[PDB]
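Shown next as structure tokens: one chain only, the form deposited in one PDB entry.
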């Protein structure tokens, strides 16, 4: 279990998302589903020239799993996954520059819902989650677990849990007042509203 400090800029981004009064929290799902779609495109592209890339799972999909008992909403995809280096490097993003662009945009009249245009949509998860746990498996590495409750630090460790073949699992440990996102009708409404055209099957699990 290794503990790392977020780069100053990412810490800033997270505190902004956590402290700014902003009612349109539901966009977090759109952002995470969009990220999953991007990850699926990546593994698909690689398989175009190397079919064995899919040996770890040919199905390219996205699952939305609510769990009222654990108060978690999990977004699972069978995309390219992330290596340990990717996790450390801001979950495979260029978050430092992306954050700068996002800040400048906000200054120019943009709002938080536009976060995905700057490649840092993952962090919108903190609009509804007190802690985010990311389990991932990339073809070229072992299975790892990234985790953070913000506060300037994140941890990374090899995951000894359920082997996932290939992909990423974003486990949102919801804030006490954000349990509406565990309700079937609410999730379904949000998916139809913002992710109706996603090119991969989205399956909303029931309890």
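Residue numbers count along the first chain shown, from 1.
There is another form of the same protein, the form deposited with a small molecule bound; it is not shown, and what comes next is about it.
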property	result
Exercise: residue 82 in contact with the small molecule in the deposited complex, heavy atom 4.5 Å	yes
is_contact(residue 91, the small molecule) in the deposited complex, heavy atom dist at most 4.5 Å	yes
The small molecule contact in the deposited complex: residue 181, any heavy atom under 4.5 Å	no
Partner contact for residue 120 in the deposited complex: the small molecule, 4.5 angstroms, heavy atom	yes
